[PDB]
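Structure file protein-v1.cif with mmCIF, C-alpha atoms:
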data_run
loop_
_atom_site.label_atom_id
_atom_site.label_comp_id
_atom_site.auth_asym_id
_atom_site.auth_seq_id
_atom_site.Cartn_x
_atom_site.Cartn_y
_atom_site.Cartn_z
CA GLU A 1 150.15 -53.61 166.20
CA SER A 2 149.06 -57.25 166.55
CA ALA A 3 151.06 -57.80 169.75
CA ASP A 4 149.31 -54.81 171.33
CA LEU A 5 145.94 -56.18 170.27
CA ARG A 6 146.76 -59.45 172.10
CA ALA A 7 147.76 -57.51 175.24
CA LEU A 8 144.42 -55.68 175.01
CA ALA A 9 142.55 -58.98 174.62
CA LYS A 10 144.36 -60.42 177.63
CA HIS A 11 143.64 -57.33 179.74
CA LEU A 12 139.95 -57.61 178.89
CA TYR A 13 139.87 -61.32 179.72
CA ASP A 14 141.57 -60.72 183.05
CA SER A 15 139.10 -57.91 183.84
CA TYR A 16 136.15 -60.09 182.81
CA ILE A 17 137.35 -62.79 185.26
CA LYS A 18 137.54 -60.14 187.98
CA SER A 19 134.07 -58.73 187.24
CA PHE A 20 131.92 -61.84 186.57
CA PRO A 21 131.86 -64.56 189.27
CA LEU A 22 130.08 -67.13 187.06
CA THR A 23 131.95 -67.44 183.76
CA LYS A 24 130.94 -69.47 180.72
CA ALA A 25 133.62 -72.04 181.49
CA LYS A 26 132.23 -72.52 185.01
CA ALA A 27 128.61 -72.57 183.74
CA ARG A 28 129.27 -75.15 181.01
CA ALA A 29 130.94 -77.46 183.53
CA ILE A 30 127.84 -77.27 185.76
CA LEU A 31 125.50 -77.75 182.80
CA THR A 32 127.33 -80.81 181.42
CA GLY A 33 127.96 -82.26 184.89
CA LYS A 34 131.77 -82.05 184.84
CA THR A 35 132.36 -80.31 188.18
CA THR A 36 133.03 -81.38 191.77
CA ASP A 37 130.47 -78.90 193.15
CA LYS A 38 127.06 -80.08 194.29
CA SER A 39 124.56 -80.52 191.46
CA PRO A 40 122.13 -77.60 190.95
CA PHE A 41 118.61 -77.96 192.27
CA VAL A 42 116.28 -78.54 189.32
CA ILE A 43 113.04 -76.51 189.13
CA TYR A 44 110.70 -78.09 186.59
CA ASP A 45 107.22 -77.69 188.14
CA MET A 46 105.43 -75.91 190.97
CA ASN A 47 106.25 -78.59 193.55
CA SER A 48 109.96 -78.40 192.74
CA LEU A 49 109.82 -74.59 192.70
CA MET A 50 108.47 -74.68 196.26
CA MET A 51 111.02 -77.29 197.36
CA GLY A 52 113.93 -75.28 195.90
CA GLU A 53 112.89 -71.71 196.73
CA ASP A 54 115.47 -71.77 199.55
CA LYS A 55 118.47 -73.08 197.60
CA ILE A 56 117.79 -70.23 195.16
CA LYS A 57 102.78 -63.57 196.07
CA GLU A 58 101.64 -65.21 192.82
CA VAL A 59 104.31 -67.49 191.32
CA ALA A 60 104.87 -65.69 188.01
CA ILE A 61 105.32 -62.42 189.88
CA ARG A 62 107.77 -63.95 192.39
CA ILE A 63 109.88 -65.33 189.56
CA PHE A 64 109.76 -61.97 187.76
CA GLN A 65 110.89 -60.16 190.94
CA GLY A 66 113.86 -62.50 191.37
CA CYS A 67 114.76 -61.91 187.72
CA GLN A 68 114.90 -58.20 188.54
CA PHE A 69 117.27 -58.56 191.46
CA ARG A 70 119.61 -60.74 189.44
CA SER A 71 119.48 -58.17 186.63
CA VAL A 72 120.43 -55.41 189.09
CA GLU A 73 123.44 -57.42 190.23
CA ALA A 74 124.40 -58.01 186.60
CA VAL A 75 124.18 -54.27 185.84
CA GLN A 76 126.67 -53.63 188.65
CA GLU A 77 129.07 -56.36 187.41
CA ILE A 78 128.82 -55.09 183.83
CA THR A 79 129.50 -51.51 184.99
CA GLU A 80 132.69 -52.56 186.75
CA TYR A 81 133.79 -54.49 183.64
CA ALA A 82 133.07 -51.39 181.47
CA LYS A 83 135.24 -49.28 183.78
CA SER A 84 138.14 -51.67 183.03
CA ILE A 85 137.95 -51.07 179.23
CA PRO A 86 140.90 -48.71 178.50
CA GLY A 87 139.59 -45.25 177.75
CA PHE A 88 136.11 -45.76 179.16
CA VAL A 89 136.50 -43.95 182.56
CA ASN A 90 138.01 -40.93 180.77
CA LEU A 91 134.86 -40.47 178.66
CA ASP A 92 132.43 -37.75 179.70
CA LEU A 93 130.38 -39.21 182.54
CA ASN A 94 127.16 -38.46 180.63
CA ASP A 95 128.43 -40.66 177.82
CA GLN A 96 129.46 -43.46 180.22
CA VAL A 97 125.89 -43.45 181.55
CA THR A 98 124.39 -43.42 178.04
CA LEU A 99 126.57 -46.34 176.88
CA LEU A 100 125.54 -48.40 179.87
CA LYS A 101 121.86 -47.41 179.76
CA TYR A 102 121.55 -48.64 176.17
CA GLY A 103 124.12 -51.45 176.32
CA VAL A 104 123.54 -53.32 179.55
CA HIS A 105 120.54 -55.37 178.37
CA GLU A 106 122.37 -56.48 175.21
CA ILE A 107 125.20 -57.64 177.50
CA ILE A 108 122.78 -59.32 179.93
CA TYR A 109 121.30 -61.36 177.09
CA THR A 110 124.75 -62.24 175.72
CA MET A 111 125.94 -63.46 179.12
CA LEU A 112 122.64 -65.24 179.87
CA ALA A 113 123.31 -67.46 176.87
CA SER A 114 126.39 -68.77 178.72
CA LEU A 115 124.02 -70.07 181.44
CA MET A 116 121.53 -71.64 179.03
CA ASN A 117 121.12 -74.78 177.06
CA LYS A 118 118.13 -75.80 174.97
CA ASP A 119 116.46 -77.24 178.10
CA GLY A 120 116.85 -74.56 180.76
CA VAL A 121 118.88 -71.87 182.49
CA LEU A 122 121.20 -71.77 185.51
CA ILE A 123 120.01 -69.48 188.28
CA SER A 124 121.35 -68.25 191.62
CA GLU A 125 125.05 -68.44 190.80
CA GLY A 126 124.63 -71.91 189.35
CA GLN A 127 122.92 -73.37 192.45
CA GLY A 128 119.61 -73.85 190.61
CA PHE A 129 118.46 -74.84 187.11
CA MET A 130 115.04 -73.74 185.85
CA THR A 131 113.63 -75.63 182.91
CA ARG A 132 112.64 -73.88 179.71
CA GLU A 133 109.34 -75.78 179.73
CA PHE A 134 108.58 -74.61 183.26
CA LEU A 135 109.17 -70.99 182.26
CA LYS A 136 106.87 -71.59 179.27
CA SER A 137 104.22 -72.91 181.67
CA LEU A 138 103.75 -69.59 183.47
CA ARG A 139 100.55 -67.65 182.83
CA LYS A 140 100.48 -65.04 180.07
CA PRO A 141 102.34 -62.79 179.38
CA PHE A 142 105.03 -64.07 181.73
CA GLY A 143 105.18 -67.41 179.89
CA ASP A 144 106.66 -65.65 176.83
CA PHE A 145 109.25 -63.56 178.64
CA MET A 146 112.20 -65.94 178.39
CA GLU A 147 111.51 -67.84 175.16
CA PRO A 148 113.11 -65.18 172.87
CA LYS A 149 116.24 -65.36 175.01
CA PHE A 150 116.39 -69.15 174.75
CA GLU A 151 115.98 -68.89 170.96
CA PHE A 152 118.83 -66.37 170.78
CA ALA A 153 120.99 -68.46 173.10
CA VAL A 154 120.71 -71.70 171.16
CA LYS A 155 121.96 -70.04 167.94
CA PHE A 156 124.55 -67.93 169.76
CA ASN A 157 125.92 -70.91 171.68
CA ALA A 158 126.36 -72.76 168.37
CA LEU A 159 129.22 -70.30 167.61
CA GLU A 160 131.16 -71.93 170.48
CA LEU A 161 132.67 -68.72 171.87
CA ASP A 162 134.82 -68.92 174.99
CA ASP A 163 135.21 -66.38 177.78
CA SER A 164 138.23 -64.77 176.09
CA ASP A 165 136.17 -64.13 172.94
CA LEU A 166 133.16 -62.95 174.98
CA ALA A 167 135.22 -60.38 176.88
CA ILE A 168 136.08 -58.55 173.67
CA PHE A 169 132.63 -58.99 172.10
CA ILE A 170 131.00 -57.41 175.20
CA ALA A 171 133.47 -54.49 175.16
CA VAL A 172 132.68 -53.80 171.48
CA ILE A 173 128.96 -53.62 172.27
CA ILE A 174 129.43 -51.29 175.24
CA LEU A 175 131.56 -48.85 173.13
CA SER A 176 128.77 -48.25 170.56
CA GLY A 177 128.97 -44.74 169.10
CA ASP A 178 125.42 -44.72 167.78
CA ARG A 179 123.57 -44.67 171.09
CA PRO A 180 121.03 -41.83 171.35
CA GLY A 181 122.22 -38.69 173.16
CA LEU A 182 125.98 -39.30 173.13
CA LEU A 183 127.81 -36.01 173.41
CA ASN A 184 131.28 -36.97 172.05
CA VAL A 185 131.06 -39.81 169.54
CA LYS A 186 134.60 -39.73 168.10
CA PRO A 187 136.47 -40.96 171.21
CA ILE A 188 133.98 -43.80 171.57
CA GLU A 189 134.33 -44.84 167.93
CA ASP A 190 138.12 -44.68 168.24
CA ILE A 191 138.04 -47.06 171.23
CA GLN A 192 135.54 -49.32 169.47
CA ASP A 193 137.58 -49.47 166.25
CA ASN A 194 140.56 -50.75 168.24
CA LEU A 195 138.37 -53.24 170.09
CA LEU A 196 136.97 -54.47 166.76
CA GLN A 197 140.52 -55.06 165.45
CA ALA A 198 141.27 -56.96 168.69
CA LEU A 199 138.11 -59.04 168.26
CA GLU A 200 138.97 -59.91 164.65
CA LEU A 201 142.45 -61.08 165.61
CA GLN A 202 141.11 -63.02 168.63
CA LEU A 203 138.68 -64.95 166.47
CA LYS A 204 141.29 -65.65 163.74
CA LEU A 205 143.72 -67.10 166.30
CA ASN A 206 141.25 -68.85 168.65
CA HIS A 207 138.87 -70.17 165.91
CA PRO A 208 141.09 -70.62 162.88
CA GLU A 209 138.70 -73.06 161.19
CA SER A 210 135.53 -70.97 161.82
CA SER A 211 135.04 -69.10 158.60
CA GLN A 212 133.44 -65.68 158.80
CA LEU A 213 132.99 -65.90 162.58
CA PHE A 214 133.72 -62.17 162.90
CA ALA A 215 130.97 -61.28 160.42
CA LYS A 216 128.62 -63.61 162.27
CA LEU A 217 129.36 -61.82 165.58
CA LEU A 218 128.72 -58.41 163.95
CA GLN A 219 125.34 -59.71 162.93
CA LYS A 220 124.65 -60.95 166.49
CA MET A 221 125.17 -57.35 167.65
CA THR A 222 122.35 -56.30 165.34
CA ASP A 223 120.20 -59.20 166.54
CA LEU A 224 120.75 -58.27 170.18
CA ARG A 225 119.40 -54.78 169.60
CA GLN A 226 116.26 -56.21 168.12
CA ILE A 227 115.87 -58.61 171.06
CA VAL A 228 116.17 -55.71 173.48
CA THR A 229 113.66 -53.60 171.54
CA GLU A 230 111.20 -56.48 171.68
CA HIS A 231 111.89 -56.97 175.40
CA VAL A 232 111.21 -53.32 176.18
CA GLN A 233 107.82 -53.79 174.44
CA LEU A 234 106.92 -56.85 176.54
CA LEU A 235 107.76 -54.79 179.63
CA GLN A 236 105.46 -51.99 178.51
CA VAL A 237 102.62 -54.54 178.59
CA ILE A 238 103.49 -55.58 182.17
CA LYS A 239 102.97 -52.04 183.47
CA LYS A 240 99.58 -51.73 181.72
CA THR A 241 98.03 -55.07 182.77
CA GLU A 242 99.87 -56.09 185.99
CA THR A 243 99.78 -54.29 189.34
CA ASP A 244 101.89 -55.19 192.39
CA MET A 245 104.49 -54.91 189.61
CA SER A 246 107.03 -52.15 190.19
CA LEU A 247 110.59 -52.37 188.93
CA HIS A 248 113.59 -52.01 191.16
CA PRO A 249 114.82 -48.36 191.24
CA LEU A 250 117.97 -49.07 189.23
CA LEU A 251 115.94 -50.74 186.48
CA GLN A 252 113.39 -47.92 186.53
CA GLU A 253 116.21 -45.47 185.91
CA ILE A 254 117.62 -47.55 183.04
CA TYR A 255 114.21 -48.13 181.40
CA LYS A 256 113.04 -44.50 181.69
CA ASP A 257 113.16 -43.02 178.16
CA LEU A 258 114.80 -46.24 176.92
CA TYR A 259 113.58 -46.93 173.38
CA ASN B 1 124.49 -32.42 182.86
CA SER B 2 121.14 -33.70 181.57
CA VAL B 3 121.88 -37.42 181.33
CA UNK B 4 123.83 -37.27 184.63
CA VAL B 5 120.88 -35.63 186.39
CA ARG B 6 118.46 -38.34 185.24
CA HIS B 7 120.65 -41.28 186.32
CA UNK B 8 121.57 -40.81 190.02
CA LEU B 9 122.14 -44.52 190.63
CA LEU B 10 124.11 -45.36 187.49
CA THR B 11 126.28 -42.33 188.26
CA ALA B 12 126.97 -43.57 191.79
CA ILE B 13 128.02 -47.00 190.47
CA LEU B 14 130.25 -45.44 187.81
CA UNK B 15 131.92 -42.98 190.30
#
Target format structure tokens, applied to this file:
Amino acid sequence: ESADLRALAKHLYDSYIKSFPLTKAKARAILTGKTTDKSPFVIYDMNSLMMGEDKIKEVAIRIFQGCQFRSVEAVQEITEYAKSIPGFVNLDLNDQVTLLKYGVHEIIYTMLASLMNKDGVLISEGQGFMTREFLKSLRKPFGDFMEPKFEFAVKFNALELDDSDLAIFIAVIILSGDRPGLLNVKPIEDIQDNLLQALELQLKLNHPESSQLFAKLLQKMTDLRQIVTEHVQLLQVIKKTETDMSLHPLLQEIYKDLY
Amino acid sequence: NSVXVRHXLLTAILX
């Protein structure tokens, strides 16, 4: 049993490396300045935003549109990673779509934390760094969009997960049997139960001194759902007070009848 | 299928 759970963990890590160009290991090196690559361009005010718009009409709207296109790319990367989880492509296609529709924003926020520190977030494949204070400086309601993600990220990053832990954590979230409208829950729960046993063993071996880390990650799964619920609400305000504000077609499809 | 019909783009990416 345990040897097979390590082979599953390794498969997921290898698939995560294939699916996600900017890993946590690569992001932390950039953020702490321990890489040979050119330093990211720092965006901390409007003048620096203008200067760096090329290395990466109203400003808050332009930032929100770039957020959308990055989110679309992330949905596609997350979908390829999901298709690498053993058993996932043999699920009913309706259920694959439902798991991704309800799971991809929880995964986006998990993986965004890998690009964040308390002072800002890496953007454009690590070629830019936007400060948390600058995001706070945007006019309402856009100035509150990112702050809940930074708050989540600071506490999540304190758990010191690596990419090998994250690969299994993300798979567990995708294979959630309680999403609304799933047609065949038992095969999903069977895959998830095996992923949960792999995650427990991964954290016992990789974080032997981190007591109750598994329970803490289960609770982060709950927290991520609440984050996403709150995010969906903020978006419902954008469409009732902001014009020139239409979501990309892939995001429209995901958000339609979402929560 | 009803979900499939409402998610043309996610279906294309999954396929």
Point out the residue among A:246, A:236, A:219, A:176 with the least atom-to-atom distance to residue 64 of chain A, counting all atoms listed in the file.
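Going through A:246, A:236, A:219, A:176 one by one, the smallest distance to residue 64 of chain A is for A:246.
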Applied to the shown file, which residues does the PyMOL selection byres ((chain A) within 9 of (chain B)) return, written as a PyMOL selection string?
chain A and resi 76+79-80+83+89+93-98+100-101+181+249-250+253-254+256
9 Å contact set for residue 143 of chain A, all atoms listed in the file, chain neighbours under 5 positions out, as a short mmCIF file (atom, residue, chain, number, x, y, z; two decimals) with C-alpha atoms, in the frame of the given file:
data_model
loop_
_atom_site.label_atom_id
_atom_site.label_comp_id
_atom_site.auth_asym_id
_atom_site.auth_seq_id
_atom_site.Cartn_x
_atom_site.Cartn_y
_atom_site.Cartn_z
CA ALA A 60 104.87 -65.69 188.01
CA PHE A 134 108.58 -74.61 183.26
CA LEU A 135 109.17 -70.99 182.26
CA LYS A 136 106.87 -71.59 179.27
CA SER A 137 104.22 -72.91 181.67
CA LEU A 138 103.75 -69.59 183.47
#
Which is closest to residue 84 of chain A among A:34, A:11, A:28, A:139, if we use all atoms listed in the file?
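Of A:34, A:11, A:28, A:139, the one nearest residue 84 of chain A is A:11, counting all atoms listed in the file.
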Figure out the distance between atom CA of residue 174 of chain A and atom CA of residue 148 of chain A, please, to one decimal in Å.
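A separation of 21.6 Å between them.
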What's the separation between atom CA of residue 252 of chain A and atom CA of residue 77 of chain A, in Å to one decimal place?
17.8 Å
What is the distance, in Å and to one decimal place, between atom CA of residue 131 of chain A and atom CA of residue 173 of chain A?
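Here the two named atoms are 28.9 Å from each other.
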Kindly resolve the PyMOL selection byres ((chain A and resi 224) around 9) on the present coordinates and return the residues as a ChimeraX atom specification.
/A:105-107,109-110,152,219-223,225-229
Would you export the selected residues with C-alpha atoms as a JSON list (two decimals), in the coordinates of the input, please?
[["chain", "number", "residue", "atom", "x", "y", "z"],
["A", 105, "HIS", "CA", 120.54, -55.37, 178.37],
["A", 106, "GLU", "CA", 122.37, -56.48, 175.21],
["A", 107, "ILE", "CA", 125.20, -57.64, 177.50],
["A", 109, "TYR", "CA", 121.30, -61.36, 177.09],
["A", 110, "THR", "CA", 124.75, -62.24, 175.72],
["A", 152, "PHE", "CA", 118.83, -66.37, 170.78],
["A", 219, "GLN", "CA", 125.34, -59.71, 162.93],
["A", 220, "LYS", "CA", 124.65, -60.95, 166.49],
["A", 221, "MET", "CA", 125.17, -57.35, 167.65],
["A", 222, "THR", "CA", 122.35, -56.30, 165.34],
["A", 223, "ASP", "CA", 120.20, -59.20, 166.54],
["A", 225, "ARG", "CA", 119.40, -54.78, 169.60],
["A", 226, "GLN", "CA", 116.26, -56.21, 168.12],
["A", 227, "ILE", "CA", 115.87, -58.61, 171.06],
["A", 228, "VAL", "CA", 116.17, -55.71, 173.48],
["A", 229, "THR", "CA", 113.66, -53.60, 171.54]]
Which residues fall under the PyMOL selection byres ((chain A and resi 163) around 7) in this file, as JSON, numbers by chain?
{"A": [23, 24, 25, 161, 162, 164, 165, 166, 167]}
Store the residues picked out above, limited to C-alpha atoms, as a PDB file, keeping the file's coordinate frame.
ATOM      1  CA  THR A  23     131.950 -67.440 183.760  1.00  0.00           C
ATOM      2  CA  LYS A  24     130.940 -69.470 180.720  1.00  0.00           C
ATOM      3  CA  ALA A  25     133.620 -72.040 181.490  1.00  0.00           C
ATOM      4  CA  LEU A 161     132.670 -68.720 171.870  1.00  0.00           C
ATOM      5  CA  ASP A 162     134.820 -68.920 174.990  1.00  0.00           C
ATOM      6  CA  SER A 164     138.230 -64.770 176.090  1.00  0.00           C
ATOM      7  CA  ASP A 165     136.170 -64.130 172.940  1.00  0.00           C
ATOM      8  CA  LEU A 166     133.160 -62.950 174.980  1.00  0.00           C
ATOM      9  CA  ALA A 167     135.220 -60.380 176.880  1.00  0.00           C
TER      10      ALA A 167
END
Quick one: residues within 10 Å of residue 214 of chain A, all atoms listed in the file, excluding same-chain residues fewer than 6 positions away - as a PyMOL selection string?
chain A and resi 169+196+199-204+207+220
Give me the residues near residue 242 of chain A as a list in words, where near means some atom within 10 Å (using only C-alpha atoms) and where sequence neighbours in that chain fewer than 5 positions away do not count.
residues 61, 141 and 237 of chain A
